[PDB]
Each structure stands twice: as structure tokens, then as C-alpha cells.
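Structure file upload_0.pdb with PDB, C-alpha atoms:
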ATOM      1  CA  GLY F   1      89.743 126.343 100.423  1.00  0.00           C
ATOM      2  CA  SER F   2      87.550 125.693 103.469  1.00  0.00           C
ATOM      3  CA  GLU F   3      89.352 124.939 106.767  1.00  0.00           C
ATOM      4  CA  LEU F   4      89.159 121.225 105.958  1.00  0.00           C
ATOM      5  CA  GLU F   5      90.425 121.801 102.434  1.00  0.00           C
ATOM      6  CA  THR F   6      93.355 123.930 103.622  1.00  0.00           C
ATOM      7  CA  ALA F   7      94.131 121.120 106.024  1.00  0.00           C
ATOM      8  CA  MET F   8      94.324 118.771 103.021  1.00  0.00           C
ATOM      9  CA  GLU F   9      96.275 121.237 100.871  1.00  0.00           C
ATOM     10  CA  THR F  10      98.811 121.256 103.730  1.00  0.00           C
ATOM     11  CA  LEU F  11      99.090 117.449 103.426  1.00  0.00           C
ATOM     12  CA  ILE F  12      99.930 118.024  99.738  1.00  0.00           C
ATOM     13  CA  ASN F  13     102.713 120.509 100.577  1.00  0.00           C
ATOM     14  CA  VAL F  14     104.197 118.111 103.114  1.00  0.00           C
ATOM     15  CA  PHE F  15     103.951 115.106 100.749  1.00  0.00           C
ATOM     16  CA  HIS F  16     105.595 117.170  98.005  1.00  0.00           C
ATOM     17  CA  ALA F  17     108.455 118.159 100.322  1.00  0.00           C
ATOM     18  CA  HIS F  18     109.759 114.573 100.102  1.00  0.00           C
ATOM     19  CA  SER F  19     108.154 113.444  96.810  1.00  0.00           C
ATOM     20  CA  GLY F  20     110.202 113.139  93.644  1.00  0.00           C
ATOM     21  CA  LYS F  21     112.954 110.938  95.141  1.00  0.00           C
ATOM     22  CA  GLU F  22     112.017 108.352  92.538  1.00  0.00           C
ATOM     23  CA  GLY F  23     111.607 110.761  89.651  1.00  0.00           C
ATOM     24  CA  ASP F  24     107.818 111.143  89.629  1.00  0.00           C
ATOM     25  CA  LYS F  25     106.903 114.355  91.474  1.00  0.00           C
ATOM     26  CA  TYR F  26     103.413 113.277  92.499  1.00  0.00           C
ATOM     27  CA  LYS F  27     104.701 109.988  93.906  1.00  0.00           C
ATOM     28  CA  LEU F  28     107.014 108.975  96.727  1.00  0.00           C
ATOM     29  CA  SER F  29     108.725 105.619  97.227  1.00  0.00           C
ATOM     30  CA  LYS F  30     107.439 103.698 100.288  1.00  0.00           C
ATOM     31  CA  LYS F  31     110.825 103.523 102.103  1.00  0.00           C
ATOM     32  CA  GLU F  32     111.185 107.226 101.481  1.00  0.00           C
ATOM     33  CA  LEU F  33     107.706 107.778 102.963  1.00  0.00           C
ATOM     34  CA  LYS F  34     108.889 106.262 106.236  1.00  0.00           C
ATOM     35  CA  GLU F  35     111.376 109.124 106.448  1.00  0.00           C
ATOM     36  CA  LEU F  36     108.606 111.712 106.063  1.00  0.00           C
ATOM     37  CA  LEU F  37     106.493 109.897 108.648  1.00  0.00           C
ATOM     38  CA  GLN F  38     109.436 109.784 111.068  1.00  0.00           C
ATOM     39  CA  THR F  39     110.236 113.445 110.532  1.00  0.00           C
ATOM     40  CA  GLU F  40     106.904 115.312 110.406  1.00  0.00           C
ATOM     41  CA  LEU F  41     104.633 112.773 112.070  1.00  0.00           C
ATOM     42  CA  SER F  42     107.360 112.181 114.688  1.00  0.00           C
ATOM     43  CA  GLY F  43     105.291 113.824 117.446  1.00  0.00           C
ATOM     44  CA  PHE F  44     102.405 111.450 116.797  1.00  0.00           C
ATOM     45  CA  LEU F  45     104.960 108.603 116.930  1.00  0.00           C
ATOM     46  CA  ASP F  46     106.140 109.893 120.325  1.00  0.00           C
ATOM     47  CA  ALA F  47     102.495 110.059 121.402  1.00  0.00           C
ATOM     48  CA  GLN F  48     101.664 106.588 120.081  1.00  0.00           C
ATOM     49  CA  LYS F  49      99.263 104.473 122.170  1.00  0.00           C
ATOM     50  CA  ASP F  50      98.544 101.528 119.923  1.00  0.00           C
ATOM     51  CA  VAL F  51     102.025 100.039 119.771  1.00  0.00           C
ATOM     52  CA  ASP F  52     100.511  97.206 117.742  1.00  0.00           C
ATOM     53  CA  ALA F  53      98.926  99.417 115.087  1.00  0.00           C
ATOM     54  CA  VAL F  54     101.844 101.844 114.756  1.00  0.00           C
ATOM     55  CA  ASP F  55     104.223  98.983 114.068  1.00  0.00           C
ATOM     56  CA  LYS F  56     101.711  97.153 111.891  1.00  0.00           C
ATOM     57  CA  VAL F  57     102.077 100.020 109.409  1.00  0.00           C
ATOM     58  CA  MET F  58     105.823 100.520 109.804  1.00  0.00           C
ATOM     59  CA  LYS F  59     106.981  96.930 109.594  1.00  0.00           C
ATOM     60  CA  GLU F  60     104.547  96.343 106.736  1.00  0.00           C
ATOM     61  CA  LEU F  61     106.052  99.192 104.734  1.00  0.00           C
ATOM     62  CA  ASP F  62     109.574  98.257 105.839  1.00  0.00           C
ATOM     63  CA  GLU F  63     109.423  95.190 103.571  1.00  0.00           C
ATOM     64  CA  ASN F  64     107.277  96.809 100.885  1.00  0.00           C
ATOM     65  CA  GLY F  65     109.477  99.901 100.940  1.00  0.00           C
ATOM     66  CA  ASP F  66     110.708  99.612  97.393  1.00  0.00           C
ATOM     67  CA  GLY F  67     107.256 100.209  96.135  1.00  0.00           C
ATOM     68  CA  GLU F  68     105.691 103.637  96.079  1.00  0.00           C
ATOM     69  CA  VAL F  69     102.689 105.665  97.142  1.00  0.00           C
ATOM     70  CA  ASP F  70     100.753 108.754  96.048  1.00  0.00           C
ATOM     71  CA  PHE F  71      98.959 111.432  98.103  1.00  0.00           C
ATOM     72  CA  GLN F  72      95.895 109.208  98.765  1.00  0.00           C
ATOM     73  CA  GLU F  73      98.025 106.399 100.193  1.00  0.00           C
ATOM     74  CA  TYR F  74     100.212 108.704 102.173  1.00  0.00           C
ATOM     75  CA  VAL F  75      97.161 110.251 103.852  1.00  0.00           C
ATOM     76  CA  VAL F  76      95.626 106.833 104.625  1.00  0.00           C
ATOM     77  CA  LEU F  77      98.832 105.842 106.427  1.00  0.00           C
ATOM     78  CA  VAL F  78      99.072 109.226 108.169  1.00  0.00           C
ATOM     79  CA  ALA F  79      95.470 108.857 109.405  1.00  0.00           C
ATOM     80  CA  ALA F  80      96.178 105.318 110.606  1.00  0.00           C
ATOM     81  CA  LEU F  81      99.123 106.512 112.692  1.00  0.00           C
ATOM     82  CA  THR F  82      96.995 109.420 113.908  1.00  0.00           C
ATOM     83  CA  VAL F  83      94.291 107.112 115.317  1.00  0.00           C
ATOM     84  CA  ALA F  84      96.974 104.881 116.878  1.00  0.00           C
ATOM     85  CA  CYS F  85      97.994 108.036 118.833  1.00  0.00           C
ATOM     86  CA  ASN F  86      94.352 109.106 119.483  1.00  0.00           C
ATOM     87  CA  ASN F  87      93.134 105.843 121.094  1.00  0.00           C
ATOM     88  CA  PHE F  88      93.837 107.617 124.432  1.00  0.00           C
ATOM     89  CA  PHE F  89      90.196 108.794 124.010  1.00  0.00           C
ATOM     90  CA  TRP F  90      89.212 105.615 125.908  1.00  0.00           C
ATOM     91  CA  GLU F  91      91.791 106.169 128.630  1.00  0.00           C
ATOM     92  CA  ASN F  92      90.420 108.243 131.488  1.00  0.00           C
ATOM     93  CA  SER F  93      93.579 109.569 133.150  1.00  0.00           C
TER
ATOM     94  CA  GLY Z   1     102.179 119.811 116.459  1.00  0.00           C
ATOM     95  CA  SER Z   2     104.313 119.949 113.295  1.00  0.00           C
ATOM     96  CA  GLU Z   3     102.847 121.356 110.049  1.00  0.00           C
ATOM     97  CA  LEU Z   4     101.536 117.900 109.125  1.00  0.00           C
ATOM     98  CA  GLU Z   5     100.245 117.256 112.622  1.00  0.00           C
ATOM     99  CA  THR Z   6      98.373 120.564 112.759  1.00  0.00           C
ATOM    100  CA  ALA Z   7      96.953 119.669 109.369  1.00  0.00           C
ATOM    101  CA  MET Z   8      95.651 116.429 110.915  1.00  0.00           C
ATOM    102  CA  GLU Z   9      94.453 118.070 114.140  1.00  0.00           C
ATOM    103  CA  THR Z  10      92.350 120.331 111.879  1.00  0.00           C
ATOM    104  CA  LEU Z  11      90.756 117.178 110.385  1.00  0.00           C
ATOM    105  CA  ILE Z  12      89.899 116.101 113.961  1.00  0.00           C
ATOM    106  CA  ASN Z  13      88.252 119.438 114.789  1.00  0.00           C
ATOM    107  CA  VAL Z  14      86.211 119.553 111.611  1.00  0.00           C
ATOM    108  CA  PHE Z  15      85.188 115.847 111.881  1.00  0.00           C
ATOM    109  CA  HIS Z  16      83.999 116.660 115.412  1.00  0.00           C
ATOM    110  CA  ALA Z  17      81.964 119.620 114.083  1.00  0.00           C
ATOM    111  CA  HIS Z  18      79.302 117.234 112.696  1.00  0.00           C
ATOM    112  CA  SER Z  19      80.035 114.186 114.879  1.00  0.00           C
ATOM    113  CA  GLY Z  20      77.951 112.705 117.671  1.00  0.00           C
ATOM    114  CA  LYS Z  21      74.614 112.034 115.942  1.00  0.00           C
ATOM    115  CA  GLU Z  22      74.933 108.551 117.450  1.00  0.00           C
ATOM    116  CA  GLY Z  23      76.135 110.166 120.675  1.00  0.00           C
ATOM    117  CA  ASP Z  24      79.764 109.085 120.280  1.00  0.00           C
ATOM    118  CA  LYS Z  25      81.693 112.169 119.188  1.00  0.00           C
ATOM    119  CA  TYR Z  26      84.738 110.363 117.872  1.00  0.00           C
ATOM    120  CA  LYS Z  27      82.263 108.665 115.523  1.00  0.00           C
ATOM    121  CA  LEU Z  28      79.812 109.869 112.880  1.00  0.00           C
ATOM    122  CA  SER Z  29      77.185 107.897 110.935  1.00  0.00           C
ATOM    123  CA  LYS Z  30      78.058 107.402 107.238  1.00  0.00           C
ATOM    124  CA  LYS Z  31      74.964 109.190 105.819  1.00  0.00           C
ATOM    125  CA  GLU Z  32      75.677 112.005 108.227  1.00  0.00           C
ATOM    126  CA  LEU Z  33      79.283 112.146 106.981  1.00  0.00           C
ATOM    127  CA  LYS Z  34      78.061 112.940 103.472  1.00  0.00           C
ATOM    128  CA  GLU Z  35      76.672 116.193 104.875  1.00  0.00           C
ATOM    129  CA  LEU Z  36      80.077 117.185 106.243  1.00  0.00           C
ATOM    130  CA  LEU Z  37      81.730 116.323 102.925  1.00  0.00           C
ATOM    131  CA  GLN Z  38      79.112 118.313 100.996  1.00  0.00           C
ATOM    132  CA  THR Z  39      79.562 121.294 103.274  1.00  0.00           C
ATOM    133  CA  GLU Z  40      83.325 121.522 103.867  1.00  0.00           C
ATOM    134  CA  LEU Z  41      84.710 119.423 101.006  1.00  0.00           C
ATOM    135  CA  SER Z  42      82.254 121.218  98.691  1.00  0.00           C
ATOM    136  CA  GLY Z  43      85.060 123.056  96.864  1.00  0.00           C
ATOM    137  CA  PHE Z  44      86.882 119.830  96.076  1.00  0.00           C
ATOM    138  CA  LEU Z  45      83.509 118.417  94.968  1.00  0.00           C
ATOM    139  CA  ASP Z  46      83.111 121.370  92.581  1.00  0.00           C
ATOM    140  CA  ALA Z  47      86.653 120.817  91.278  1.00  0.00           C
ATOM    141  CA  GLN Z  48      86.123 117.093  90.708  1.00  0.00           C
ATOM    142  CA  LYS Z  49      87.796 115.451  87.686  1.00  0.00           C
ATOM    143  CA  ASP Z  50      87.405 111.733  88.273  1.00  0.00           C
ATOM    144  CA  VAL Z  51      83.623 111.636  88.047  1.00  0.00           C
ATOM    145  CA  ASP Z  52      83.781 107.849  88.255  1.00  0.00           C
ATOM    146  CA  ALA Z  53      85.733 107.961  91.514  1.00  0.00           C
ATOM    147  CA  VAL Z  54      83.825 110.793  93.196  1.00  0.00           C
ATOM    148  CA  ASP Z  55      80.571 108.928  92.698  1.00  0.00           C
ATOM    149  CA  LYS Z  56      82.130 105.577  93.588  1.00  0.00           C
ATOM    150  CA  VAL Z  57      82.348 106.927  97.132  1.00  0.00           C
ATOM    151  CA  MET Z  58      79.042 108.814  97.279  1.00  0.00           C
ATOM    152  CA  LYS Z  59      76.779 106.224  95.727  1.00  0.00           C
ATOM    153  CA  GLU Z  60      78.484 103.559  97.823  1.00  0.00           C
ATOM    154  CA  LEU Z  61      77.961 105.452 101.059  1.00  0.00           C
ATOM    155  CA  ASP Z  62      74.390 106.302 100.115  1.00  0.00           C
ATOM    156  CA  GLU Z  63      73.508 102.617 100.581  1.00  0.00           C
ATOM    157  CA  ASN Z  64      76.036 101.947 103.359  1.00  0.00           C
ATOM    158  CA  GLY Z  65      74.999 105.159 105.076  1.00  0.00           C
ATOM    159  CA  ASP Z  66      73.436 103.675 108.160  1.00  0.00           C
ATOM    160  CA  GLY Z  67      76.756 102.467 109.335  1.00  0.00           C
ATOM    161  CA  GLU Z  68      79.313 104.737 110.862  1.00  0.00           C
ATOM    162  CA  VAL Z  69      82.865 105.986 110.578  1.00  0.00           C
ATOM    163  CA  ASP Z  70      85.618 107.325 112.814  1.00  0.00           C
ATOM    164  CA  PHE Z  71      88.412 109.830 112.104  1.00  0.00           C
ATOM    165  CA  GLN Z  72      90.494 107.238 110.177  1.00  0.00           C
ATOM    166  CA  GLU Z  73      87.652 106.412 107.783  1.00  0.00           C
ATOM    167  CA  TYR Z  74      86.577 109.972 107.332  1.00  0.00           C
ATOM    168  CA  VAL Z  75      90.103 111.081 106.394  1.00  0.00           C
ATOM    169  CA  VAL Z  76      90.537 108.220 103.897  1.00  0.00           C
ATOM    170  CA  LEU Z  77      87.330 109.293 102.140  1.00  0.00           C
ATOM    171  CA  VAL Z  78      88.394 112.949 102.245  1.00  0.00           C
ATOM    172  CA  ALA Z  79      91.739 111.990 100.655  1.00  0.00           C
ATOM    173  CA  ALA Z  80      89.965 109.901  98.021  1.00  0.00           C
ATOM    174  CA  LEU Z  81      87.870 112.895  96.974  1.00  0.00           C
ATOM    175  CA  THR Z  82      91.004 115.046  97.124  1.00  0.00           C
ATOM    176  CA  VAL Z  83      92.808 112.885  94.544  1.00  0.00           C
ATOM    177  CA  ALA Z  84      89.671 112.718  92.358  1.00  0.00           C
ATOM    178  CA  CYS Z  85      89.907 116.561  92.186  1.00  0.00           C
ATOM    179  CA  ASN Z  86      93.737 116.497  91.776  1.00  0.00           C
ATOM    180  CA  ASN Z  87      93.711 114.401  88.561  1.00  0.00           C
ATOM    181  CA  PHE Z  88      94.857 117.447  86.513  1.00  0.00           C
ATOM    182  CA  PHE Z  89      98.299 115.712  86.877  1.00  0.00           C
ATOM    183  CA  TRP Z  90      97.242 113.554  83.897  1.00  0.00           C
ATOM    184  CA  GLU Z  91      95.609 116.377  81.968  1.00  0.00           C
ATOM    185  CA  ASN Z  92      97.822 118.050  79.380  1.00  0.00           C
ATOM    186  CA  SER Z  93      96.266 121.524  79.291  1.00  0.00           C
TER
END

Rewrite the coordinates I just gave you, this time as C-alpha cells.
Amino acid sequence: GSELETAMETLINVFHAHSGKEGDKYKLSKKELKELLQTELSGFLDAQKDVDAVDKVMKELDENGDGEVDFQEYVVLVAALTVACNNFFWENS
Amino acid sequence: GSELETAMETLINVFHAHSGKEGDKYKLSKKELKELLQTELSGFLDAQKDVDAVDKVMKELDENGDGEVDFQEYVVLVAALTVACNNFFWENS
């Protein structure tokens, strides 16, 4: 819709590109989410700054991987990785 | 960067469009965030389905409004409203 809403409707397309592994099309298993995060959010992983926070999400899901997530969860985790790569705001190169 | 990452970099731009009331531009006060959500997330607000959930965020922030958020928080709340307007998944039209 608006620029913000088209940004979010993009997150839906991307979530749905990997969703359905489990059988539910609006859900994605947590271990399968790590694949999406490693594939599309790969550039933010390469640009990570908070090595603590990036791994705090990954290792946490690595053991909880056999669970699942929906769009809301997926975006929360995406945003968390995004700020772990944005913390450079306080680094005056 | 990627399709997902440009989706998220859009969320940064549009967060920044109303940010800096407190002077920090990577932050926005919570009551001031409601404005952004009412302006840009207005279409998702119009398309709301989970009336309980949409208000759970708004009424909550209306009393917690004098605090503040960053990109991570703002995106979580945006995603929460997004799923409250996506609920048609459980509506057999």
C-alpha cells in the first residue's frame, strides 16, 4: 500500500518463498527459517556488528529449530538481526 | 541489498521520516510512533481483522507513550499490526 506497507508486503513474499516446508503455508519451521535468514538476510549477516546479538538469535533457534514461526515472528527475528548490523551508528569511522 | 534487505532498509527510511523528536534520529518516542503508524500503516489499520490485537498495541502504547522505541521495536509493532490485518487466513469466505 504505502511505502511502508509495500515494504511489509515484500516481507510476506520472502517469507512465503520458504514457507510451507512443514505443510502449513502461512508458517515456516524454525530450522527452515535459518535457511531463509542465511540466504536473503545474508548481506546483513556479512555486515553484522553485534556478534553477540547475531549469535544470540541463531544459536537460540538452532536448538529450538524443530518448532515453527509465522510472519510476525519471522519479522521480529529479521529486525533483530537488522539492528545487530546497524549498531555501527555509534561507530564514527 | 537483497529483496528482503531492501524491504528492511525501507523500514529504516520511513522510521527516520518521523524520528528525532527526542533529538536522537535512530529513536522515536512511543506516542510519536503512533502518528507514524496512523499515517503510513493507515491502510493496514483500515484492513484490521483482529480488533483485540490492534487495540492491544494502541491502548498499551497510549499509556506507555512517553517512552521511546528504536527501529527494532518499531518493526515488531508494525509486524504485529500486519498480522492483525492478515487474519483472513482463518476466515472461510

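Here atom CA of residue Z:78 and atom CA of residue F:65 stand 24.8 Å from one another.
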
Contacts of stretch 83-85 of chain Z within 12 Å, all atoms listed in the file, excl. fewer than 6 positions in-chain, as an MDAnalysis selection string:
(chainID F and resid 5 8:9 11:12 26 70:75) or (chainID Z and resid 41:57 76:77 91)

For a cut-off of 9 Å around (78.7, 109.7, 101.2), file coordinates, pick out all residues using all atoms listed in the file and list them as an mmCIF file with C-alpha atoms, keeping the file's coordinate frame.
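Result file follows (part-v3.cif):
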data_model
loop_
_atom_site.group_PDB
_atom_site.id
_atom_site.type_symbol
_atom_site.label_atom_id
_atom_site.label_comp_id
_atom_site.auth_asym_id
_atom_site.auth_seq_id
_atom_site.Cartn_x
_atom_site.Cartn_y
_atom_site.Cartn_z
ATOM 1 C CA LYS Z 30 78.058 107.402 107.238
ATOM 2 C CA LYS Z 31 74.964 109.190 105.819
ATOM 3 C CA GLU Z 32 75.677 112.005 108.227
ATOM 4 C CA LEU Z 33 79.283 112.146 106.981
ATOM 5 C CA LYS Z 34 78.061 112.940 103.472
ATOM 6 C CA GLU Z 35 76.672 116.193 104.875
ATOM 7 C CA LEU Z 37 81.730 116.323 102.925
ATOM 8 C CA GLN Z 38 79.112 118.313 100.996
ATOM 9 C CA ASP Z 55 80.571 108.928 92.698
ATOM 10 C CA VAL Z 57 82.348 106.927 97.132
ATOM 11 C CA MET Z 58 79.042 108.814 97.279
ATOM 12 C CA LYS Z 59 76.779 106.224 95.727
ATOM 13 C CA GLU Z 60 78.484 103.559 97.823
ATOM 14 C CA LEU Z 61 77.961 105.452 101.059
ATOM 15 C CA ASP Z 62 74.390 106.302 100.115
ATOM 16 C CA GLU Z 63 73.508 102.617 100.581
ATOM 17 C CA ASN Z 64 76.036 101.947 103.359
ATOM 18 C CA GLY Z 65 74.999 105.159 105.076
ATOM 19 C CA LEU Z 77 87.330 109.293 102.140
#

Fitted chain F, least squares over ordered Cα pairs with chain Z, as a CSV table (one decimal) with C-alpha atoms, keeping the file's coordinate frame:
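Contents of part_11.csv, as written:
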chain,number,residue,atom,x,y,z
F,1,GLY,CA,102.4,119.8,116.1
F,2,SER,CA,104.5,119.9,113.0
F,3,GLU,CA,102.8,121.5,109.9
F,4,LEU,CA,101.6,118.0,108.8
F,5,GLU,CA,100.3,117.3,112.3
F,6,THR,CA,98.5,120.6,112.5
F,7,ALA,CA,97.0,119.7,109.2
F,8,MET,CA,95.7,116.4,110.8
F,9,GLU,CA,94.5,118.1,114.0
F,10,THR,CA,92.4,120.4,111.7
F,11,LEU,CA,90.8,117.2,110.2
F,12,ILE,CA,89.9,116.3,113.8
F,13,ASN,CA,88.3,119.7,114.5
F,14,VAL,CA,86.3,119.4,111.2
F,15,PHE,CA,85.2,115.8,111.9
F,16,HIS,CA,84.2,116.8,115.4
F,17,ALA,CA,82.1,119.6,114.1
F,18,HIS,CA,79.6,117.1,112.8
F,19,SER,CA,80.4,114.1,115.0
F,20,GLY,CA,78.1,113.1,117.8
F,21,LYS,CA,74.9,112.9,115.7
F,22,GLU,CA,74.6,109.3,116.8
F,23,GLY,CA,75.6,109.8,120.4
F,24,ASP,CA,79.3,108.8,120.2
F,25,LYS,CA,81.4,111.9,120.0
F,26,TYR,CA,84.4,110.3,118.3
F,27,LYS,CA,82.1,108.7,115.7
F,28,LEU,CA,79.9,110.0,112.9
F,29,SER,CA,77.2,108.1,111.1
F,30,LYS,CA,78.0,107.5,107.4
F,31,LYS,CA,74.9,109.3,106.0
F,32,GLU,CA,75.8,112.2,108.3
F,33,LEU,CA,79.4,112.1,106.9
F,34,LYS,CA,78.0,112.8,103.4
F,35,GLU,CA,76.7,116.1,104.8
F,36,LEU,CA,80.2,117.1,106.1
F,37,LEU,CA,81.8,116.1,102.8
F,38,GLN,CA,79.2,118.1,100.8
F,39,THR,CA,79.7,121.1,103.1
F,40,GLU,CA,83.4,121.4,103.7
F,41,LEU,CA,84.8,119.3,100.9
F,42,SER,CA,82.3,121.0,98.6
F,43,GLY,CA,85.0,122.9,96.7
F,44,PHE,CA,86.8,119.6,95.9
F,45,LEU,CA,83.5,118.3,94.7
F,46,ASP,CA,83.1,121.3,92.4
F,47,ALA,CA,86.7,120.7,91.2
F,48,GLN,CA,86.1,116.9,90.7
F,49,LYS,CA,87.8,115.3,87.7
F,50,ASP,CA,87.3,111.7,88.2
F,51,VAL,CA,83.5,111.6,88.0
F,52,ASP,CA,83.7,107.8,88.3
F,53,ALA,CA,85.7,107.8,91.6
F,54,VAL,CA,83.8,110.7,93.2
F,55,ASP,CA,80.5,108.9,92.7
F,56,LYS,CA,82.1,105.5,93.6
F,57,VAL,CA,82.5,106.8,97.1
F,58,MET,CA,79.2,108.7,97.4
F,59,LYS,CA,76.9,106.1,96.0
F,60,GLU,CA,78.7,103.4,98.0
F,61,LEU,CA,78.1,105.4,101.2
F,62,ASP,CA,74.6,106.3,100.1
F,63,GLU,CA,73.4,102.7,100.7
F,64,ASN,CA,75.8,102.1,103.6
F,65,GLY,CA,74.8,105.4,105.2
F,66,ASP,CA,73.2,103.9,108.3
F,67,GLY,CA,76.5,102.6,109.4
F,68,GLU,CA,79.2,104.9,110.9
F,69,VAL,CA,82.8,106.0,110.6
F,70,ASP,CA,85.6,107.3,112.9
F,71,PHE,CA,88.4,109.8,112.1
F,72,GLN,CA,90.5,107.2,110.2
F,73,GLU,CA,87.7,106.3,107.9
F,74,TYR,CA,86.6,109.9,107.4
F,75,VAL,CA,90.2,110.9,106.3
F,76,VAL,CA,90.5,107.9,103.9
F,77,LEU,CA,87.3,109.0,102.2
F,78,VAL,CA,88.4,112.7,102.2
F,79,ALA,CA,91.7,111.7,100.6
F,80,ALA,CA,90.0,109.6,98.0
F,81,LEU,CA,87.8,112.6,97.0
F,82,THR,CA,90.9,114.8,97.1
F,83,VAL,CA,92.8,112.6,94.5
F,84,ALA,CA,89.6,112.4,92.3
F,85,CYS,CA,89.9,116.3,92.2
F,86,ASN,CA,93.8,116.2,91.8
F,87,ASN,CA,93.9,113.8,88.7
F,88,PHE,CA,94.2,117.1,86.7
F,89,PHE,CA,97.9,116.5,87.3
F,90,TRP,CA,97.9,114.5,84.0
F,91,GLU,CA,96.0,117.1,82.1
F,92,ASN,CA,98.2,119.6,80.4
F,93,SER,CA,95.9,122.6,79.8

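Minimum distance to residue Z:69 across Z:93, Z:21, Z:40, Z:2 (counting only C-alpha atoms) occurs at Z:21.
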
Interatomic distance (Å, one decimal) between atom CA of residue F:14 and atom CA of residue F:29
14.5 Å
